[PDB]
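Chains G and B, in that order, give the protein sequences.
Taking the deposited numbering, the leading residue of the first sequence gets 438, the next gets one more, and so forth.
Taking the deposited numbering, the leading residue of the second sequence gets 324, the next gets one more, and so forth.
In this text, a Cβ means the ideal position worked out from N, Cα and C, and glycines have one as well.
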Amino acid sequence: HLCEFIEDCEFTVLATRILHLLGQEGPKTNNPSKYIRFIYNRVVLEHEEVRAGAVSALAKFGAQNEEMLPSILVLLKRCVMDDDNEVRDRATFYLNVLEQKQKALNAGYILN
Amino acid sequence: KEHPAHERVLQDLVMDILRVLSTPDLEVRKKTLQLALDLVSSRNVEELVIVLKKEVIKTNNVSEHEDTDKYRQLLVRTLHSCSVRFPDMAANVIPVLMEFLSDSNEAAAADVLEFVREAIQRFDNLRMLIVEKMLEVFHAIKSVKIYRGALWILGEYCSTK
């Protein structure tokens with residue numbers, strides 16, 4: 438309900454809060470395809486900023502992986518990628534950051 | 324124009340004609356600009372450029388742009404193209420300056436466009452000055468646009484360690 442409605446019940450501000458929370462929660466509650474499905478959408482919206490949250494939430498999530506995620510988790514960041522300079526940069530950088538640590542290690546430091 | 328035997332001169336006479344444009348009507352003007360761009364094998368250029376600069380001054384003036392603004396953007400496009408081909412010069416520096424003066428996004432977008440481009444183009448030298456120029460501009464200024472500007476530039480970085 439939240440997901441859907443909020444989508445078409447708007448307000449960016451809400452998203453900030455919820456994002457943050459969601460950010461922690463991920464794969465302890467599974468339903469991956471859906472959740473992904475959502476996540477993509479959330480990003481769908483413009484705003485470098487709106488887009489950005491899906492990646493950040495993801496870090497706790499990614500790290501944990503779910504009912505299918507690690508392989509693919511690795512595949513995805515690749516599949517979804519962006520320019521728009523500082524938006525480019527965000528993709529690049531997260532990557533670059535990613536680039537910079539053994540992704541397993543990477544996850545551990547950053548997450549905390 | 325498909326008199327592709329296309330004589331030198333003719334291209335050249337344009338400016339004269341173009342002068343008339345100062346008695347505006349953008350829409351007409353606009354048609355001109357496209358038209359204009361074409362002839363230049365990166366030449367009859369300077370005289371023009373100069374003239375452009377004249378335009379530029381003219382553009383300053385006191386203005387109450389409403390139509391001409393548009394023109395400016397266009398001009399810049401028209402202008403942009405040339406440069407690609409050309410080796411260009413001080414004139415260009417001036418845009419940079421000019422741009423600093425200005426206050427609306429579309430230009431920033433162009434600028435940015437330039438950011439991109441230039442990032443590709445790198446013969447560099449100019450940039451550095453400009454970067455300096457910019458440094459001034461920057462010091463000299465505040466805004467989201469700027470704020471954004473900083474970001475990329477910052478991103479870019481080099482010397483004066």
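Exposed or buried, which one is residue i when buried takes at least 16 other CB atoms within 10 Å?
i         : result
G:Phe-442 : exposed
G:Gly-545 : exposed
G:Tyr-477 : exposed
B:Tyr-470 : exposed
G:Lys-497 : buried
B:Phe-446 : exposed
G:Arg-479 : buried
B:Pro-327 : exposed
B:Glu-437 : buried
B:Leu-344 : buried
B:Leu-474 : exposed
G:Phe-448 : exposed
Given that residue i touches chain G, what residues does it touch there, using C-beta distances under 9 Å?
i                      : result
residue 485 of chain B : It is not possible to answer for residue 485 of chain B, since the shown part of chain B is limited to 324 through 484.
Using beta carbons (cut-off 8 Å, strictly below), is residue i in contact with chain B?
i         : result
G:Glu-441 : no
G:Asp-519 : no
G:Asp-526 : yes
Does residue i come within less than 8 Å of chain G when only Cβ atoms are used?
i         : result
B:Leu-436 : no
Strictly below 8 Å CB to CB, what residues from chain B border residue i?
i         : result
G:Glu-523 : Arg-471, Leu-474, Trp-475 and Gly-478
Please name the residue in the options whose C-alpha comes closest to that of residue i.
i                      : options                                       : result
B:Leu-362              : B:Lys-324, B:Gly-478 and B:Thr-382            : B:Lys-324
B:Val-460              : B:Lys-393, B:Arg-342 and B:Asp-426            : B:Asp-426
G:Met-518              : G:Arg-488, G:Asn-502, G:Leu-451 and G:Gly-499 : G:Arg-488
B:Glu-369              : B:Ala-473, B:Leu-458 and B:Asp-411            : B:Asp-411
G:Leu-451              : G:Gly-490, G:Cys-516, G:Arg-525 and G:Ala-541 : G:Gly-490
G:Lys-465              : G:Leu-495, G:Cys-516, G:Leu-512 and G:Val-524 : G:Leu-495
B:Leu-402              : B:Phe-423, B:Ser-386 and B:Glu-378            : B:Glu-378
G:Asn-468              : G:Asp-520, G:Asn-522, G:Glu-483 and G:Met-505 : G:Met-505
B:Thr-391              : B:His-329, B:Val-351 and B:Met-421            : B:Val-351
G:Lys-471              : G:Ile-455, G:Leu-482, G:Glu-503 and G:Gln-461 : G:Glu-503
G:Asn-549              : G:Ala-500, G:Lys-514 and G:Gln-539            : G:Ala-500
B:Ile-476              : G:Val-511, G:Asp-526, G:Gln-539 and G:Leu-535 : G:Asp-526
residue 485 of chain B : B:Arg-408, B:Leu-452, B:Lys-465 and B:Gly-472 : Because chain B here runs from 324 to 484, residue 485 of chain B falls outside it and cannot be looked at.
B:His-329              : B:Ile-464, B:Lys-381, B:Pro-347 and B:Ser-364 : B:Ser-364
Assuming residue i contacts residue j (C-beta within less than 8 Å), just tell me the rounded distance between them.
i         : j         : result
B:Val-399 : B:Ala-433 : 6 Å
B:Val-374 : B:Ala-414 : No, B:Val-374 and B:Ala-414 are not in contact; Cβ-Cβ is about 10 Å, not under 8 Å.
B:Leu-420 : B:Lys-456 : 7 Å
B:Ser-404 : B:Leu-360 : 6 Å
B:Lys-376 : B:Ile-417 : 7 Å
B:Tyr-394 : B:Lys-353 : 6 Å
G:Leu-532 : G:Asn-543 : About 11 Å separates the two Cβ atoms, so there is no contact after all.
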